[PDB]
């Protein structure tokens, strides 16, 4: 209930009503004792988006907030920001563009330390929209809908590697992103795909479980027992086949257990 976790949020989360997802991040960051850094670097309006979340978390009641306004990679070396990261209890990555966020943050001392403290179980990390997309080592940077799966449908890139064993997609059902996720999985079938809807969150707990929170669904797309794909045989614009996939679509309160590779009801 206040144990550190990683919250992967599908974008457009509730900022007005119960704010259940944002409240959960707040609680897992220490609640009234939270020291939270907001990274708005995905956005081309960082002050506005940074102020928005600032106001949300300050209204919830925290010990301290800081907007880590990294607009160039050199600020990833900044002593002041790096010191705050040592003191913090939670980090929140806003939406924007995931390629931009990784360009500014990936492999910086600041982000290396955030990732280390997350992996060590010292702090919580949340990311929404672009901030969700960057969670994997392999990242869906873009891509379209309205087509059958094909490798050209999805733009792959390198993320922050917070959760290396997964590939995240976001605004998922809302933007009909299943085909692009399937396209990503065809050539990374060792990775669990997570398609996370708007105002929905996959919360990765320290024990390996993933709890779903919020308004929609999380789709777990598992090609680890795939019996065949034509991916290596066909051109990038040709349709993909994927045989023997396992699909789990979860809603609020349900859990996917990563070690068991199975889902369970509320």
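Positions refer to the first chain, counted from 1.
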(message) Can you tell me whether 20-28 has a higher mean C-alpha B factor than 241-249 in this record, or the other way round?
(response) 20-28
(message) Regarding 50-58 and 227-235, which shows the higher C-alpha temperature factor on average in the entry?
(response) 50-58
(message) Highest recorded C-alpha temperature factor, please, choosing from 197, 64, 222, 205.
(response) 64
(request) Determine which member of 213, 42, 218, 210 has the highest CA B-factor, using the values in the deposited entry. (result) 42
(request) Can you work out whether the C-alpha temperature factor of residue 82 puts it in the lowest, middle or highest third of the chain? (result) highest
(message) Using the temperature factors of the C-alpha atoms in this entry, rank residue 7 within its chain: lowest, middle or highest third.
(response) middle
(message) What third of the chain does residue 76 rank in for C-alpha temperature factor, lowest, middle or highest?
(response) highest
